[PDB]
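Have a look at protein12.tsv; it's TSV, C-alpha atoms and all ligand atoms:
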```
chain	number	residue	atom	x	y	z
A	1	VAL	CA	142.42	41.85	192.10
A	2	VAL	CA	145.68	43.27	190.74
A	3	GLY	CA	146.88	41.91	187.43
A	4	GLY	CA	143.62	40.15	186.67
A	5	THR	CA	141.30	40.08	183.69
A	6	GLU	CA	137.58	40.67	183.51
A	7	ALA	CA	135.71	37.45	184.24
A	8	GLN	CA	133.08	36.15	181.86
A	9	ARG	CA	129.60	36.99	183.13
A	10	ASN	CA	128.73	34.71	186.00
A	11	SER	CA	131.36	32.06	185.21
A	12	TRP	CA	131.88	32.21	189.00
A	13	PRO	CA	128.21	31.97	189.97
A	14	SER	CA	128.88	31.43	193.70
A	15	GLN	CA	130.77	34.73	194.07
A	16	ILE	CA	128.82	37.31	196.06
A	17	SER	CA	129.33	40.99	196.87
A	18	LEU	CA	128.98	41.89	200.56
A	19	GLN	CA	127.88	45.50	200.89
A	20	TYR	CA	127.12	47.88	203.75
A	21	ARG	CA	124.72	50.77	203.85
A	22	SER	CA	126.40	54.09	203.12
A	23	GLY	CA	123.95	56.98	203.37
A	24	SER	CA	121.08	56.20	201.01
A	25	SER	CA	123.16	53.76	198.98
A	26	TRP	CA	125.43	50.75	199.36
A	27	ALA	CA	129.19	50.20	199.30
A	28	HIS	CA	131.02	47.01	198.39
A	29	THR	CA	133.36	45.90	201.20
A	30	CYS	CA	134.11	42.20	200.71
A	31	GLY	CA	133.50	39.15	198.63
A	32	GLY	CA	131.90	35.92	199.77
A	33	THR	CA	130.79	32.53	198.51
A	34	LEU	CA	127.19	31.33	198.38
A	35	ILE	CA	127.26	27.90	200.03
A	36	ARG	CA	123.52	27.31	200.60
A	37	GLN	CA	120.53	29.14	199.16
A	38	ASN	CA	120.41	31.01	202.49
A	39	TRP	CA	124.05	30.96	203.65
A	40	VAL	CA	127.18	32.86	202.59
A	41	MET	CA	130.74	32.09	203.63
A	42	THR	CA	132.99	35.16	204.09
A	43	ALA	CA	135.89	36.38	206.23
A	44	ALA	CA	135.28	37.21	209.88
A	45	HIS	CA	137.12	40.50	209.51
A	46	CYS	CA	134.55	41.65	206.92
A	47	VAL	CA	131.96	41.90	209.71
A	48	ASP	CA	134.18	43.48	212.39
A	49	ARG	CA	132.21	46.74	212.01
A	50	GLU	CA	128.58	46.66	213.10
A	51	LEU	CA	126.79	47.91	210.00
A	52	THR	CA	123.73	47.03	207.97
A	53	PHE	CA	124.84	44.46	205.39
A	54	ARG	CA	123.36	43.07	202.23
A	55	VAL	CA	124.48	40.32	199.90
A	56	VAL	CA	124.27	40.57	196.11
A	57	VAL	CA	124.22	37.32	194.16
A	58	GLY	CA	124.42	37.18	190.38
A	59	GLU	CA	126.48	40.36	190.34
A	60	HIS	CA	128.95	41.31	187.63
A	61	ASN	CA	128.99	45.10	187.10
A	62	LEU	CA	128.62	46.79	190.50
A	63	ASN	CA	127.44	50.07	188.97
A	64	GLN	CA	124.68	48.74	186.72
A	65	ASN	CA	121.76	46.36	187.03
A	66	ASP	CA	122.02	43.65	184.37
A	67	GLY	CA	118.88	41.71	185.28
A	68	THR	CA	120.81	38.85	186.88
A	69	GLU	CA	121.22	40.18	190.44
A	70	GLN	CA	119.32	39.31	193.58
A	71	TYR	CA	119.76	41.50	196.66
A	72	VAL	CA	119.12	40.00	200.11
A	73	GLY	CA	119.50	41.07	203.71
A	74	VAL	CA	121.77	39.46	206.29
A	75	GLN	CA	119.70	38.02	209.12
A	76	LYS	CA	122.37	36.34	211.28
A	77	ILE	CA	126.17	36.60	211.52
A	78	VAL	CA	128.13	33.64	212.94
A	79	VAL	CA	131.83	34.40	213.26
A	80	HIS	CA	134.21	31.62	214.16
A	81	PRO	CA	134.32	31.68	217.98
A	82	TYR	CA	138.13	31.74	218.01
A	83	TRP	CA	138.41	34.76	215.72
A	84	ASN	CA	140.35	37.65	217.26
A	85	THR	CA	140.12	40.91	215.30
A	86	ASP	CA	143.45	42.05	216.81
A	87	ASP	CA	145.27	38.87	215.66
A	88	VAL	CA	144.45	38.11	212.03
A	89	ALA	CA	147.61	36.00	211.82
A	90	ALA	CA	146.20	33.56	214.38
A	91	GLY	CA	143.67	32.50	211.75
A	92	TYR	CA	140.00	31.65	212.19
A	93	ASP	CA	139.16	34.39	209.65
A	94	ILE	CA	135.83	32.95	208.62
A	95	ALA	CA	132.18	33.77	209.17
A	96	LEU	CA	128.82	32.50	207.96
A	97	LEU	CA	125.95	34.83	207.09
A	98	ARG	CA	122.41	33.50	207.15
A	99	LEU	CA	120.43	35.37	204.51
A	100	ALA	CA	117.02	36.89	205.18
A	101	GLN	CA	115.57	34.85	202.35
A	102	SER	CA	116.72	31.98	200.17
A	103	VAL	CA	118.03	33.13	196.81
A	104	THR	CA	116.88	31.48	193.59
A	105	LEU	CA	119.46	29.37	191.77
A	106	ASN	CA	120.01	29.79	188.03
A	107	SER	CA	122.92	30.10	185.59
A	108	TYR	CA	124.12	33.22	187.49
A	109	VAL	CA	123.53	32.04	191.06
A	110	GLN	CA	124.92	28.67	192.13
A	111	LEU	CA	126.29	27.12	195.27
A	112	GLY	CA	130.03	27.00	195.64
A	113	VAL	CA	131.56	23.57	195.95
A	114	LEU	CA	133.64	23.05	199.11
A	115	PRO	CA	136.67	20.75	199.34
A	116	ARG	CA	136.70	17.56	201.34
A	117	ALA	CA	137.78	18.16	204.92
A	118	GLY	CA	141.55	18.11	205.37
A	119	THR	CA	142.45	18.61	201.71
A	120	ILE	CA	145.83	20.32	201.25
A	121	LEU	CA	146.85	21.26	197.74
A	122	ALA	CA	150.28	20.48	196.36
A	123	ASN	CA	152.57	23.42	195.80
A	124	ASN	CA	151.78	25.36	192.64
A	125	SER	CA	148.25	24.00	192.28
A	126	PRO	CA	146.02	25.81	189.76
A	127	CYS	CA	143.68	28.33	191.36
A	128	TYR	CA	141.93	31.60	190.50
A	129	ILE	CA	141.08	34.49	192.77
A	130	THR	CA	137.96	36.48	191.92
A	131	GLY	CA	136.64	39.76	193.23
A	132	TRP	CA	135.82	43.44	192.82
A	133	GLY	CA	138.76	44.52	194.99
A	134	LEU	CA	141.30	47.18	194.09
A	135	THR	CA	142.97	46.76	190.73
A	136	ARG	CA	146.23	48.35	191.95
A	137	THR	CA	147.77	48.95	195.33
A	138	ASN	CA	146.24	52.17	196.65
A	139	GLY	CA	143.87	52.14	193.65
A	140	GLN	CA	140.13	51.74	193.27
A	141	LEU	CA	137.62	48.91	193.16
A	142	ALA	CA	136.92	47.08	189.92
A	143	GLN	CA	133.59	47.94	188.32
A	144	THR	CA	133.32	44.43	186.86
A	145	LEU	CA	134.29	41.13	188.45
A	146	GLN	CA	137.95	40.32	187.92
A	147	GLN	CA	139.83	37.02	187.97
A	148	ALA	CA	143.51	36.17	188.21
A	149	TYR	CA	145.43	32.92	188.00
A	150	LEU	CA	147.06	32.53	191.42
A	151	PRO	CA	148.76	29.16	191.91
A	152	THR	CA	149.27	27.98	195.45
A	153	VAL	CA	152.41	28.40	197.54
A	154	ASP	CA	152.58	25.55	200.02
A	155	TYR	CA	152.87	25.96	203.78
A	156	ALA	CA	156.56	25.06	203.94
A	157	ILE	CA	157.43	27.83	201.47
A	158	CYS	CA	154.84	30.36	202.59
A	159	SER	CA	155.78	30.18	206.28
A	160	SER	CA	159.52	30.35	205.59
A	161	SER	CA	161.48	33.44	206.55
A	162	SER	CA	161.67	35.02	203.07
A	163	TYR	CA	157.88	34.80	202.64
A	164	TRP	CA	155.43	35.37	205.52
A	165	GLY	CA	157.33	33.48	208.22
A	166	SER	CA	155.44	32.65	211.39
A	167	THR	CA	152.50	34.85	210.37
A	168	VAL	CA	151.19	32.11	208.04
A	169	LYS	CA	149.62	29.07	209.71
A	170	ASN	CA	148.76	25.64	208.34
A	171	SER	CA	145.08	26.66	208.59
A	172	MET	CA	145.73	29.08	205.70
A	173	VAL	CA	146.33	28.74	201.96
A	174	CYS	CA	148.80	31.03	200.23
A	175	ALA	CA	148.61	31.77	196.53
A	176	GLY	CA	150.42	34.03	194.08
A	177	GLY	CA	153.30	36.22	195.18
A	178	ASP	CA	154.78	36.75	191.70
A	179	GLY	CA	154.75	40.53	192.16
A	180	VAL	CA	152.21	41.07	189.36
A	181	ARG	CA	148.96	39.28	190.30
A	182	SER	CA	147.29	39.34	193.70
A	183	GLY	CA	144.23	39.94	195.76
A	184	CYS	CA	143.79	43.47	197.03
A	185	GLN	CA	141.52	45.49	199.34
A	186	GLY	CA	137.90	44.46	198.86
A	187	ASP	CA	138.67	40.96	197.58
A	188	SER	CA	138.73	39.85	201.22
A	189	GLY	CA	136.09	37.33	202.12
A	190	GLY	CA	135.84	36.09	198.55
A	191	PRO	CA	136.86	32.76	197.06
A	192	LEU	CA	140.02	31.12	195.87
A	193	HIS	CA	138.75	28.59	193.32
A	194	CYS	CA	141.08	25.64	192.75
A	195	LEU	CA	140.83	22.88	190.15
A	196	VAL	CA	140.67	19.41	191.71
A	197	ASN	CA	139.62	16.27	189.79
A	198	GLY	CA	138.24	18.44	186.98
A	199	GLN	CA	135.98	20.56	189.20
A	200	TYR	CA	136.62	23.95	190.76
A	201	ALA	CA	136.08	24.11	194.50
A	202	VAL	CA	136.46	27.04	196.88
A	203	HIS	CA	139.59	26.24	198.88
A	204	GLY	CA	140.24	29.73	200.24
A	205	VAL	CA	138.51	32.70	201.82
A	206	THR	CA	140.62	35.78	201.12
A	207	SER	CA	142.05	36.98	204.45
A	208	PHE	CA	144.99	39.34	204.09
A	209	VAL	CA	147.66	40.93	201.89
A	210	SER	CA	150.94	42.64	202.76
A	211	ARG	CA	150.82	46.10	204.29
A	212	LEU	CA	153.63	46.83	201.83
A	213	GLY	CA	151.33	46.33	198.87
A	214	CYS	CA	148.88	43.99	197.24
A	215	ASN	CA	151.17	42.52	194.56
A	216	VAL	CA	154.49	42.03	196.37
A	217	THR	CA	157.06	39.38	195.54
A	218	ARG	CA	157.13	36.60	198.16
A	219	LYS	CA	154.08	38.05	199.94
A	220	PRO	CA	151.41	35.86	198.35
A	221	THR	CA	147.79	36.57	199.09
A	222	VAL	CA	146.71	34.67	202.21
A	223	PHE	CA	143.41	32.82	202.51
A	224	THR	CA	141.63	30.94	205.27
A	225	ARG	CA	141.87	27.26	204.34
A	226	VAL	CA	138.24	26.21	203.86
A	227	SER	CA	139.05	22.51	204.23
A	228	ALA	CA	140.13	23.13	207.84
A	229	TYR	CA	136.60	24.36	208.67
A	230	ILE	CA	134.23	21.86	207.04
A	231	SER	CA	132.99	20.46	210.36
A	232	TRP	CA	132.55	23.97	211.78
A	233	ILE	CA	130.61	25.14	208.70
A	234	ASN	CA	128.33	22.10	208.80
A	235	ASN	CA	127.79	22.45	212.56
A	236	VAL	CA	126.76	26.08	212.15
A	237	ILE	CA	124.33	25.35	209.32
A	238	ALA	CA	122.84	22.39	211.17
A	239	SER	CA	122.24	24.37	214.38
A	240	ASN	CA	120.83	27.53	212.75
A	301	LIG	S1	141.50	41.75	202.07
A	301	LIG	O1	142.69	40.97	201.98
A	301	LIG	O2	140.94	42.27	200.85
A	301	LIG	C1	141.77	43.08	203.18
A	301	LIG	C2	143.00	43.87	202.69
A	301	LIG	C3	142.04	42.55	204.62
A	301	LIG	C4	140.48	43.97	203.11
A	301	LIG	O3	140.52	44.93	202.33
A	301	LIG	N1	139.46	43.61	203.86
A	301	LIG	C5	138.28	44.41	203.73
A	301	LIG	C6	137.67	44.81	205.03
A	301	LIG	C7	136.32	44.94	205.39
A	301	LIG	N2	136.31	45.32	206.68
A	301	LIG	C8	135.15	45.65	207.56
A	301	LIG	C9	134.79	47.08	207.36
A	301	LIG	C10	135.63	48.07	207.86
A	301	LIG	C11	135.29	49.40	207.72
A	301	LIG	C12	134.13	49.70	207.05
A	301	LIG	BR1	133.66	51.54	206.86
A	301	LIG	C13	133.30	48.74	206.53
A	301	LIG	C14	133.63	47.43	206.69
A	301	LIG	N3	137.61	45.41	207.08
A	301	LIG	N4	138.43	45.11	206.10
A	302	NA	NA	125.11	44.85	188.40
```

In structure tokens, how does this file's structure come out?
Ligand SMILES: *S(=O)(=O)C(C)(C)C(=O)NCc1cn(Cc2ccc(Br)cc2)nn1
Ligand code: NA
Amino acid sequence: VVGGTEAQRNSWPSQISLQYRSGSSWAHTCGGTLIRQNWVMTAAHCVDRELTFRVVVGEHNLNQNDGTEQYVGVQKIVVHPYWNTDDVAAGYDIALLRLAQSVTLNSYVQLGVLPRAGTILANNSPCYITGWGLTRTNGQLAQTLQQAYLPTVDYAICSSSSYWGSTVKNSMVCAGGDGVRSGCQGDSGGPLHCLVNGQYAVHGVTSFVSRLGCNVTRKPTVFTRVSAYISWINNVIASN
């Protein structure tokens, strides 16, 4: 997250860190959202490489154990069957990870609330991105979870020629693009939390940023639109 601030400890208790084994240790690669005690929602592109993954729930400071974390293996990966790693812009950038055990819920570990199927937010709706992704273009990961206010940019604007044009689809949510605040590498897979009827719900899964930079005017961060996938998510959970 570029242009963010440090989140209060576990104010985003459904945020997870998706990590892969790197030698004798672990490396953060993506965010995700805990949606059942044994299921995480992330981006399909986060699992394009065949690696050993783990999920950390209750995380805040990646470099230090604070007593709130639970670490769990990934037992099954279900990528959307229409995902094409060579065509991010086609969409379908979503995957579900079945965890090797069910995590315990507490003040630090909670299920993320999903929107009702089909929900489209009005332009400029209030949302926050969260993650441990880079804090500047070409920079380094955040040690502690960051948040940034990233209001939505509706499809008509986001898919116009001076923004992302045809690359953005109606199955995506765009947010930000002010040139100061944005998602960045390693926020991918994580949530966009948007306030609806007084409750935050996870409307986006971070999918891509501009190759020109993370915080780039009229290149808002692009998210898979969770509300387009409610039936798919429920079908996967019900059949696994
Ligand atoms: S996201 O918008 O943050 C973005 C820029 C697409 C991103 O940084 N995604 C992170 C990501 C994770 N993976 C899979 C992967 C690739 C290589 C290794 Br060594 C490990 C994991 N690809 N992009
Ligand atoms: Na920690």

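Among the candidate residues A:29, A:38, A:137, A:152, the one lying nearest to residue 99 of chain A is A:38, with distances computed using all atoms listed in the file.
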
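If you count only C-alpha atoms and ignore residues fewer than 2 places along the chain from residue 208 of chain A, what sits within 9 Å of it is residues 88, 89, 183, 184, 185, 188, 206, 210, 211, 221, 222 and 223 of chain A.
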
Writer output for current selection, C-alpha atoms, as a PDB file, in the frame of the given file:
```pdb
ATOM      1  CA  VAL A  88     144.450  38.110 212.030  1.00  0.00           C
ATOM      2  CA  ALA A  89     147.610  36.000 211.820  1.00  0.00           C
ATOM      3  CA  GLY A 183     144.230  39.940 195.760  1.00  0.00           C
ATOM      4  CA  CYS A 184     143.790  43.470 197.030  1.00  0.00           C
ATOM      5  CA  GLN A 185     141.520  45.490 199.340  1.00  0.00           C
ATOM      6  CA  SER A 188     138.730  39.850 201.220  1.00  0.00           C
ATOM      7  CA  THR A 206     140.620  35.780 201.120  1.00  0.00           C
ATOM      8  CA  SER A 210     150.940  42.640 202.760  1.00  0.00           C
ATOM      9  CA  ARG A 211     150.820  46.100 204.290  1.00  0.00           C
ATOM     10  CA  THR A 221     147.790  36.570 199.090  1.00  0.00           C
ATOM     11  CA  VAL A 222     146.710  34.670 202.210  1.00  0.00           C
ATOM     12  CA  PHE A 223     143.410  32.820 202.510  1.00  0.00           C
TER      13      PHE A 223
END
```

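Taking atom CA of residue 104 of chain A and atom CA of residue 65 of chain A as endpoints, the distance between them is 17.0 Å.
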
_Exercise: residue 22 of chain A partners within 12 Å, all atoms listed in the file, chain neighbours under 2 positions left out, as a ChimeraX atom specification_ = /A:19-20,24-29,51-54

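Using all atoms listed in the file, the shortest contact distance between ligand LIG 301 (chain A) and any of A:8, A:107, A:75, A:85 is found at A:85.
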
Contact table chain A vs ligand NA 302 (chain A), cut-off 7 Å, shortest pair per residue, all atoms listed in the file, as JSON lines:
```
{"residue": "A:59", "atom": "CA", "partner": "A:NA302", "partner_atom": "NA", "distance": 5.1}
{"residue": "A:60", "atom": "CA", "partner": "A:NA302", "partner_atom": "NA", "distance": 5.3}
{"residue": "A:61", "atom": "CA", "partner": "A:NA302", "partner_atom": "NA", "distance": 4.1}
{"residue": "A:62", "atom": "CA", "partner": "A:NA302", "partner_atom": "NA", "distance": 4.5}
{"residue": "A:63", "atom": "CA", "partner": "A:NA302", "partner_atom": "NA", "distance": 5.7}
{"residue": "A:64", "atom": "CA", "partner": "A:NA302", "partner_atom": "NA", "distance": 4.3}
{"residue": "A:65", "atom": "CA", "partner": "A:NA302", "partner_atom": "NA", "distance": 3.9}
{"residue": "A:66", "atom": "CA", "partner": "A:NA302", "partner_atom": "NA", "distance": 5.2}
{"residue": "A:69", "atom": "CA", "partner": "A:NA302", "partner_atom": "NA", "distance": 6.4}
```

*Nearby residues (all atoms listed in the file) at most 12 Å from residue 162 of chain A, same-chain spacing under 5 positions excluded, as a list in words*: residues 156, 157, 167, 168, 177, 217, 218, 219 and 220 of chain A

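The nearest approach to residue 49 of chain A among the residues A:4, A:11, A:77, A:132, with all atoms listed in the file taken into account, belongs to A:77.
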
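Closest to ligand LIG 301 (chain A) among A:67, A:126, A:179, A:31 is A:31, based on all atoms listed in the file.
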
*Starting from the point (130.2, 29.6, 193.8), work out which residues of protein, DNA or RNA have an atom no more than 6 Å away when counting all atoms listed in the file; state them as number ranges by chain.*
A: 12-15, 33-34, 110-112

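When only C-alpha atoms are used to compute distances to residue 197 of chain A, the closest of the residues A:209, A:134, A:115, A:159 turns out to be A:115.
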
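Considering the residues A:127, A:35, A:122, A:141 and counting all atoms listed in the file, ligand LIG 301 (chain A) has its shortest atom-to-atom contact with A:141.
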
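With atom CA of residue 57 of chain A on one side and atom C7 of ligand LIG 301 (chain A) on the other, the separation reads 18.2 Å.
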
*asked:* If we count all atoms listed in the file and set the cut-off at 9 Å, which residues sit around residue 76 of chain A, ignoring sequence neighbours fewer than 4 positions away in its own chain? Please answer as a PyMOL selection string.
replied: chain A and resi 96-100

_Which residues are near residue 226 of chain A? Cut-off 8 Å, all atoms listed in the file, ignore same chain within fewer than 2 positions. Put them as a list in words._
residues 114, 115, 202, 203, 204, 205, 224, 228, 229 and 230 of chain A
